[PDB]
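J.: Following this line is query_7.pdb, made up of PDB, C-alpha atoms:
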ATOM      1  CA  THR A1003      55.639 -27.164  57.622  1.00  0.00           C
ATOM      2  CA  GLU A1004      59.356 -27.701  57.726  1.00  0.00           C
ATOM      3  CA  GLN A1005      59.780 -23.954  58.337  1.00  0.00           C
ATOM      4  CA  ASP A1006      57.552 -24.350  61.362  1.00  0.00           C
ATOM      5  CA  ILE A1007      59.809 -27.110  62.642  1.00  0.00           C
ATOM      6  CA  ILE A1008      63.208 -25.335  62.714  1.00  0.00           C
ATOM      7  CA  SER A1009      61.480 -22.151  63.699  1.00  0.00           C
ATOM      8  CA  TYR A1010      60.173 -23.794  66.868  1.00  0.00           C
ATOM      9  CA  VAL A1011      63.496 -25.474  67.483  1.00  0.00           C
ATOM     10  CA  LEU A1012      65.498 -22.326  67.004  1.00  0.00           C
ATOM     11  CA  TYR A1013      63.030 -20.305  69.068  1.00  0.00           C
ATOM     12  CA  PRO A1014      60.766 -22.437  71.288  1.00  0.00           C
ATOM     13  CA  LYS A1015      59.534 -19.695  73.631  1.00  0.00           C
ATOM     14  CA  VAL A1016      59.072 -17.127  70.888  1.00  0.00           C
ATOM     15  CA  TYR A1017      57.517 -19.256  68.134  1.00  0.00           C
ATOM     16  CA  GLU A1018      54.836 -20.606  70.474  1.00  0.00           C
ATOM     17  CA  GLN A1019      54.185 -17.054  71.684  1.00  0.00           C
ATOM     18  CA  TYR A1020      53.847 -16.101  68.032  1.00  0.00           C
ATOM     19  CA  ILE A1021      51.306 -18.817  67.304  1.00  0.00           C
ATOM     20  CA  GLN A1022      49.411 -17.734  70.433  1.00  0.00           C
ATOM     21  CA  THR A1023      49.336 -14.283  68.818  1.00  0.00           C
ATOM     22  CA  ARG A1024      48.477 -15.447  65.320  1.00  0.00           C
ATOM     23  CA  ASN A1025      45.515 -17.238  66.867  1.00  0.00           C
ATOM     24  CA  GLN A1026      44.356 -14.103  68.671  1.00  0.00           C
ATOM     25  CA  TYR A1027      44.790 -11.379  66.047  1.00  0.00           C
ATOM     26  CA  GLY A1028      45.436 -13.182  62.749  1.00  0.00           C
ATOM     27  CA  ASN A1029      47.944 -11.863  60.212  1.00  0.00           C
ATOM     28  CA  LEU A1030      49.379  -8.535  61.448  1.00  0.00           C
ATOM     29  CA  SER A1031      52.019  -8.233  58.715  1.00  0.00           C
ATOM     30  CA  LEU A1032      49.259  -7.193  56.306  1.00  0.00           C
ATOM     31  CA  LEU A1033      48.393  -4.087  58.385  1.00  0.00           C
ATOM     32  CA  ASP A1034      50.159  -0.883  57.508  1.00  0.00           C
ATOM     33  CA  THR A1035      52.842   0.346  59.910  1.00  0.00           C
ATOM     34  CA  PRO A1036      50.997   3.380  61.263  1.00  0.00           C
ATOM     35  CA  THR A1037      47.896   1.219  61.894  1.00  0.00           C
ATOM     36  CA  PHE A1038      50.136  -1.452  63.466  1.00  0.00           C
ATOM     37  CA  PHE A1039      51.684   1.095  65.829  1.00  0.00           C
ATOM     38  CA  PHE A1040      48.879   3.482  66.667  1.00  0.00           C
ATOM     39  CA  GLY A1041      45.545   1.972  65.662  1.00  0.00           C
ATOM     40  CA  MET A1042      42.939   4.350  64.232  1.00  0.00           C
ATOM     41  CA  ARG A1043      41.576   7.852  64.806  1.00  0.00           C
ATOM     42  CA  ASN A1044      37.915   8.729  65.219  1.00  0.00           C
ATOM     43  CA  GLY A1045      36.362   8.993  61.720  1.00  0.00           C
ATOM     44  CA  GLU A1046      39.294   7.267  60.042  1.00  0.00           C
ATOM     45  CA  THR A1047      39.154   4.773  57.230  1.00  0.00           C
ATOM     46  CA  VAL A1048      41.901   2.305  56.675  1.00  0.00           C
ATOM     47  CA  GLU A1049      42.161  -0.139  53.752  1.00  0.00           C
ATOM     48  CA  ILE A1050      43.924  -3.333  54.721  1.00  0.00           C
ATOM     49  CA  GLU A1051      45.012  -5.080  51.552  1.00  0.00           C
ATOM     50  CA  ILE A1052      44.598  -8.790  52.178  1.00  0.00           C
ATOM     51  CA  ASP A1053      45.366 -10.301  48.827  1.00  0.00           C
ATOM     52  CA  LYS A1054      44.963  -9.965  45.063  1.00  0.00           C
ATOM     53  CA  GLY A1055      41.803  -7.850  44.815  1.00  0.00           C
ATOM     54  CA  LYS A1056      40.524  -8.553  48.299  1.00  0.00           C
ATOM     55  CA  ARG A1057      40.614  -5.893  51.016  1.00  0.00           C
ATOM     56  CA  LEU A1058      39.227  -4.990  54.413  1.00  0.00           C
ATOM     57  CA  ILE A1059      37.622  -1.528  54.386  1.00  0.00           C
ATOM     58  CA  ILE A1060      37.385  -0.529  58.064  1.00  0.00           C
ATOM     59  CA  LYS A1061      36.037   2.714  59.560  1.00  0.00           C
ATOM     60  CA  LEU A1062      36.269   3.687  63.229  1.00  0.00           C
ATOM     61  CA  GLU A1063      33.208   5.738  64.066  1.00  0.00           C
ATOM     62  CA  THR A1064      33.350   6.270  67.836  1.00  0.00           C
ATOM     63  CA  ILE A1065      34.581   4.759  71.079  1.00  0.00           C
ATOM     64  CA  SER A1066      32.337   4.714  74.136  1.00  0.00           C
ATOM     65  CA  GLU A1067      33.136   5.436  77.762  1.00  0.00           C
ATOM     66  CA  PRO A1068      33.906   2.254  79.799  1.00  0.00           C
ATOM     67  CA  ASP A1069      31.160   0.355  81.637  1.00  0.00           C
ATOM     68  CA  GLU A1070      31.532  -0.922  85.185  1.00  0.00           C
ATOM     69  CA  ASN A1071      34.106  -3.620  84.240  1.00  0.00           C
ATOM     70  CA  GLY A1072      36.211  -1.203  82.198  1.00  0.00           C
ATOM     71  CA  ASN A1073      35.085  -2.470  78.797  1.00  0.00           C
ATOM     72  CA  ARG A1074      34.725   0.049  75.939  1.00  0.00           C
ATOM     73  CA  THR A1075      32.501  -0.241  72.880  1.00  0.00           C
ATOM     74  CA  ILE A1076      34.147   0.633  69.601  1.00  0.00           C
ATOM     75  CA  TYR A1077      31.663   1.261  66.838  1.00  0.00           C
ATOM     76  CA  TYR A1078      33.054   0.069  63.502  1.00  0.00           C
ATOM     77  CA  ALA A1079      31.880  -0.191  59.895  1.00  0.00           C
ATOM     78  CA  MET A1080      33.648  -2.963  57.986  1.00  0.00           C
ATOM     79  CA  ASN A1081      32.837  -3.760  54.370  1.00  0.00           C
ATOM     80  CA  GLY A1082      29.407  -2.128  54.640  1.00  0.00           C
ATOM     81  CA  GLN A1083      28.502  -3.596  58.023  1.00  0.00           C
ATOM     82  CA  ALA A1084      27.779  -2.120  61.395  1.00  0.00           C
ATOM     83  CA  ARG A1085      30.025  -3.889  63.883  1.00  0.00           C
ATOM     84  CA  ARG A1086      30.584  -3.523  67.644  1.00  0.00           C
ATOM     85  CA  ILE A1087      33.675  -4.608  69.606  1.00  0.00           C
ATOM     86  CA  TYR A1088      34.580  -4.666  73.280  1.00  0.00           C
ATOM     87  CA  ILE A1089      37.990  -3.900  74.651  1.00  0.00           C
ATOM     88  CA  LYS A1090      38.925  -3.876  78.300  1.00  0.00           C
ATOM     89  CA  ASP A1091      40.683  -0.564  79.022  1.00  0.00           C
ATOM     90  CA  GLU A1092      43.694  -1.081  81.246  1.00  0.00           C
TER      91      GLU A1092
ATOM     92  CA  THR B1003      -8.680  26.179  63.563  1.00  0.00           C
ATOM     93  CA  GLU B1004     -10.625  28.939  65.315  1.00  0.00           C
ATOM     94  CA  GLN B1005      -8.295  28.214  68.199  1.00  0.00           C
ATOM     95  CA  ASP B1006      -5.306  29.026  66.050  1.00  0.00           C
ATOM     96  CA  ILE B1007      -6.909  32.216  64.746  1.00  0.00           C
ATOM     97  CA  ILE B1008      -7.644  33.557  68.233  1.00  0.00           C
ATOM     98  CA  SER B1009      -4.336  32.354  69.731  1.00  0.00           C
ATOM     99  CA  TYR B1010      -2.403  34.226  67.082  1.00  0.00           C
ATOM    100  CA  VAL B1011      -4.477  37.374  67.624  1.00  0.00           C
ATOM    101  CA  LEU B1012      -3.626  37.179  71.334  1.00  0.00           C
ATOM    102  CA  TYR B1013       0.081  36.403  70.836  1.00  0.00           C
ATOM    103  CA  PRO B1014       1.327  36.999  67.280  1.00  0.00           C
ATOM    104  CA  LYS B1015       5.085  36.592  67.642  1.00  0.00           C
ATOM    105  CA  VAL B1016       4.722  33.845  70.224  1.00  0.00           C
ATOM    106  CA  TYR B1017       2.170  31.818  68.311  1.00  0.00           C
ATOM    107  CA  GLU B1018       4.481  32.016  65.279  1.00  0.00           C
ATOM    108  CA  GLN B1019       7.461  30.618  67.226  1.00  0.00           C
ATOM    109  CA  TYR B1020       5.309  27.831  68.624  1.00  0.00           C
ATOM    110  CA  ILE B1021       4.478  26.855  65.055  1.00  0.00           C
ATOM    111  CA  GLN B1022       8.202  26.969  64.193  1.00  0.00           C
ATOM    112  CA  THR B1023       9.119  24.684  67.077  1.00  0.00           C
ATOM    113  CA  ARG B1024       6.223  22.339  66.253  1.00  0.00           C
ATOM    114  CA  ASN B1025       7.455  22.077  62.687  1.00  0.00           C
ATOM    115  CA  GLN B1026      10.897  21.083  63.930  1.00  0.00           C
ATOM    116  CA  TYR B1027      10.280  18.815  66.942  1.00  0.00           C
ATOM    117  CA  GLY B1028       6.611  17.932  66.796  1.00  0.00           C
ATOM    118  CA  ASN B1029       4.617  17.425  69.935  1.00  0.00           C
ATOM    119  CA  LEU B1030       6.944  17.892  72.885  1.00  0.00           C
ATOM    120  CA  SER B1031       4.115  17.878  75.361  1.00  0.00           C
ATOM    121  CA  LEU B1032       4.147  14.072  75.456  1.00  0.00           C
ATOM    122  CA  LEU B1033       7.691  13.790  76.880  1.00  0.00           C
ATOM    123  CA  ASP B1034       8.068  13.147  80.564  1.00  0.00           C
ATOM    124  CA  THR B1035       9.170  16.371  82.218  1.00  0.00           C
ATOM    125  CA  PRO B1036      12.657  15.305  83.207  1.00  0.00           C
ATOM    126  CA  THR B1037      13.319  14.198  79.618  1.00  0.00           C
ATOM    127  CA  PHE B1038      11.878  17.484  78.386  1.00  0.00           C
ATOM    128  CA  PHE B1039      14.356  19.537  80.458  1.00  0.00           C
ATOM    129  CA  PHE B1040      17.508  17.394  80.283  1.00  0.00           C
ATOM    130  CA  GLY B1041      17.321  14.870  77.429  1.00  0.00           C
ATOM    131  CA  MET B1042      18.845  11.556  78.431  1.00  0.00           C
ATOM    132  CA  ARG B1043      22.111  10.079  79.720  1.00  0.00           C
ATOM    133  CA  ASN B1044      24.285   7.491  78.073  1.00  0.00           C
ATOM    134  CA  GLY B1045      22.607   4.128  78.592  1.00  0.00           C
ATOM    135  CA  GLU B1046      19.157   5.343  79.439  1.00  0.00           C
ATOM    136  CA  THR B1047      15.832   3.985  78.175  1.00  0.00           C
ATOM    137  CA  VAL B1048      12.993   6.412  78.007  1.00  0.00           C
ATOM    138  CA  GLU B1049       9.415   5.675  76.934  1.00  0.00           C
ATOM    139  CA  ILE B1050       7.299   8.323  75.249  1.00  0.00           C
ATOM    140  CA  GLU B1051       3.635   7.384  75.668  1.00  0.00           C
ATOM    141  CA  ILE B1052       1.462   7.995  72.524  1.00  0.00           C
ATOM    142  CA  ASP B1053      -2.030   6.424  72.089  1.00  0.00           C
ATOM    143  CA  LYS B1054      -2.744   3.720  74.728  1.00  0.00           C
ATOM    144  CA  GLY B1055      -0.407   0.729  74.264  1.00  0.00           C
ATOM    145  CA  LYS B1056       1.664   2.384  71.538  1.00  0.00           C
ATOM    146  CA  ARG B1057       4.847   3.726  73.167  1.00  0.00           C
ATOM    147  CA  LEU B1058       7.985   5.204  71.622  1.00  0.00           C
ATOM    148  CA  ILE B1059      10.876   3.353  73.232  1.00  0.00           C
ATOM    149  CA  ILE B1060      14.220   5.162  72.951  1.00  0.00           C
ATOM    150  CA  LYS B1061      17.697   4.276  74.124  1.00  0.00           C
ATOM    151  CA  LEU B1062      20.735   6.514  74.116  1.00  0.00           C
ATOM    152  CA  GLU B1063      23.883   4.532  73.595  1.00  0.00           C
ATOM    153  CA  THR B1064      26.659   7.087  73.032  1.00  0.00           C
ATOM    154  CA  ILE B1065      27.491  10.494  71.692  1.00  0.00           C
ATOM    155  CA  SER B1066      30.547  10.791  69.486  1.00  0.00           C
ATOM    156  CA  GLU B1067      33.155  13.496  69.682  1.00  0.00           C
ATOM    157  CA  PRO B1068      32.403  16.672  67.704  1.00  0.00           C
ATOM    158  CA  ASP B1069      33.706  16.303  64.179  1.00  0.00           C
ATOM    159  CA  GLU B1070      35.397  19.132  62.250  1.00  0.00           C
ATOM    160  CA  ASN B1071      31.993  20.624  61.497  1.00  0.00           C
ATOM    161  CA  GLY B1072      31.244  20.580  65.221  1.00  0.00           C
ATOM    162  CA  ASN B1073      28.518  17.961  64.716  1.00  0.00           C
ATOM    163  CA  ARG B1074      28.268  15.161  67.272  1.00  0.00           C
ATOM    164  CA  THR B1075      26.774  11.823  66.296  1.00  0.00           C
ATOM    165  CA  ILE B1076      24.192  10.240  68.595  1.00  0.00           C
ATOM    166  CA  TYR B1077      23.715   6.487  68.453  1.00  0.00           C
ATOM    167  CA  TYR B1078      20.197   5.490  69.503  1.00  0.00           C
ATOM    168  CA  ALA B1079      17.936   2.478  69.607  1.00  0.00           C
ATOM    169  CA  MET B1080      14.307   3.259  68.890  1.00  0.00           C
ATOM    170  CA  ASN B1081      11.770   0.444  68.994  1.00  0.00           C
ATOM    171  CA  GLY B1082      14.619  -2.045  68.691  1.00  0.00           C
ATOM    172  CA  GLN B1083      15.861  -0.282  65.565  1.00  0.00           C
ATOM    173  CA  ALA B1084      19.408   1.090  65.580  1.00  0.00           C
ATOM    174  CA  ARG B1085      19.442   4.701  64.443  1.00  0.00           C
ATOM    175  CA  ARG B1086      21.807   7.696  64.429  1.00  0.00           C
ATOM    176  CA  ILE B1087      21.356  11.512  64.526  1.00  0.00           C
ATOM    177  CA  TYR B1088      23.675  14.454  63.755  1.00  0.00           C
ATOM    178  CA  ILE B1089      23.316  17.358  66.213  1.00  0.00           C
ATOM    179  CA  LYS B1090      25.350  20.582  66.185  1.00  0.00           C
ATOM    180  CA  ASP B1091      27.361  21.234  69.341  1.00  0.00           C
ATOM    181  CA  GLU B1092      27.017  24.880  70.078  1.00  0.00           C
TER     182      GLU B1092
END
Please express what this file holds, its structure, as structure tokens.

T.:
Amino acid sequence: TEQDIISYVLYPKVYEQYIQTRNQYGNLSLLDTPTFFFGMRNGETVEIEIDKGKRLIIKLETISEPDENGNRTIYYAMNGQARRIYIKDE
Amino acid sequence: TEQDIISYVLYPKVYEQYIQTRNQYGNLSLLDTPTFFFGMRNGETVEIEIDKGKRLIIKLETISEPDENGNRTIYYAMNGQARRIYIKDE
């Protein structure tokens, strides 16, 4: 869009780095600030409000200890669905 | 059975606590001995042998933190079926 075009031209380095981030994590502005800054506790349930009457209901159940490569397994439930994610601990 | 009758007569209290355990955990005598004394570690696959060619296949994935009831959640796979147990941390 036009707003893309002056955005990139005002801020080449930063806009591109923002797209790179939009591509990786989606729309962060929808998250609530505490979630944005801190993530989630064990047992917690957060309700990300996407849109008019559509929401992400996420629960963080547990986080594993890291395997040999330093990857951890977060156990989530998200809209009634067992889900497992892998994050490299740094 | 007659065997129960006589066993109780020999050891009243102790027969009664055997019964109580058997009600709660079933037939422990089928576990391999190291599993019987120590349980399992994170990531381990143990195989309880039942009748010939029917084995219980159990995998321990993680144990959660104790919650505010002091119950830890164990995430298992048993015969390729995800499954989860609440155990009280003492």

J.: Find the residues around residue B:1063 up to 8 Å (only C-alpha atoms counted), leave out those fewer than 3 positions away in its own chain, and share them as a short mmCIF file (atom, residue, chain, number, x, y, z; two decimals) with C-alpha atoms, in the coordinates of the input.

T.:
data_model
loop_
_atom_site.label_atom_id
_atom_site.label_comp_id
_atom_site.auth_asym_id
_atom_site.auth_seq_id
_atom_site.Cartn_x
_atom_site.Cartn_y
_atom_site.Cartn_z
CA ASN B 1044 24.28 7.49 78.07
CA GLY B 1045 22.61 4.13 78.59
CA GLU B 1046 19.16 5.34 79.44
CA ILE B 1076 24.19 10.24 68.60
CA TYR B 1077 23.72 6.49 68.45
CA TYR B 1078 20.20 5.49 69.50
CA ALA B 1079 17.94 2.48 69.61
#

J.: Name the residues that the PyMOL selection byres ((chain A) within 8 of (chain B)) picks from the file above, as a list in words, using the file's chain letters and numbers.

T.: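 Output from the PyMOL selection byres ((chain A) within 8 of (chain B)), applied to this file: residues 1063, 1064, 1065 and 1066 of chain A.
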
J.: Any idea what's packed within 12 Å of residue B:1006, counting all atoms listed in the file, ignoring anything in its chain fewer than 2 positions away? Could you give it as an mmCIF file with C-alpha atoms, keeping the file's coordinate frame?

T.:
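The resulting file, around_17.cif, is reproduced below:
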data_model
loop_
_atom_site.group_PDB
_atom_site.id
_atom_site.type_symbol
_atom_site.label_atom_id
_atom_site.label_comp_id
_atom_site.auth_asym_id
_atom_site.auth_seq_id
_atom_site.Cartn_x
_atom_site.Cartn_y
_atom_site.Cartn_z
ATOM 1 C CA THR B 1003 -8.680 26.179 63.563
ATOM 2 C CA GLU B 1004 -10.625 28.939 65.315
ATOM 3 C CA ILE B 1008 -7.644 33.557 68.233
ATOM 4 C CA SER B 1009 -4.336 32.354 69.731
ATOM 5 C CA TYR B 1010 -2.403 34.226 67.082
ATOM 6 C CA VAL B 1011 -4.477 37.374 67.624
ATOM 7 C CA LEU B 1012 -3.626 37.179 71.334
ATOM 8 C CA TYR B 1013 0.081 36.403 70.836
ATOM 9 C CA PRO B 1014 1.327 36.999 67.280
ATOM 10 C CA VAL B 1016 4.722 33.845 70.224
ATOM 11 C CA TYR B 1017 2.170 31.818 68.311
ATOM 12 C CA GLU B 1018 4.481 32.016 65.279
ATOM 13 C CA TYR B 1020 5.309 27.831 68.624
ATOM 14 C CA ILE B 1021 4.478 26.855 65.055
#

J.: Have a look at atom CA of residue B:1032 and atom CA of residue B:1057 and let me know their distance in Å, one decimal.

T.: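 About the pair atom CA of residue B:1032 and atom CA of residue B:1057: they are 10.6 Å apart.
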
J.: For the structure shown, which residues end up in the PyMOL selection byres ((chain A and resi 1037) around 12)? Put them as a list in words, please?

T.: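 That expression, the PyMOL selection byres ((chain A and resi 1037) around 12), corresponds here to residues 1030, 1031, 1032, 1033, 1034, 1035, 1036, 1038, 1039, 1040, 1041, 1042, 1043, 1046, 1047, 1048, 1049, 1050, 1060 and 1062 of chain A.
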
J.: With chain A laid on chain B by least squares, using all C-alpha atoms in order, how large is the RMSD?

T.: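 RMSD over all C-alpha atoms: 0.5 Å.
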
J.: Between atom CA of residue B:1029 and atom CA of residue B:1015, what is the spacing in Å?

T.: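 Taking atom CA of residue B:1015 as the start and atom CA of residue B:1029 as the end point, the length is 19.3 Å.
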
J.: Go ahead and compute the interatomic distance for atom CA of residue B:1082 and atom CA of residue B:1061, in Å to one decimal.

T.: 8.9 Å

J.: Would you mind listing what lies within 9 Å of residue B:1072 as a VMD selection string, with all atoms listed in the file counted and same-chain residues fewer than 6 positions away left out?

T.: chain B and resid 1089 to 1092
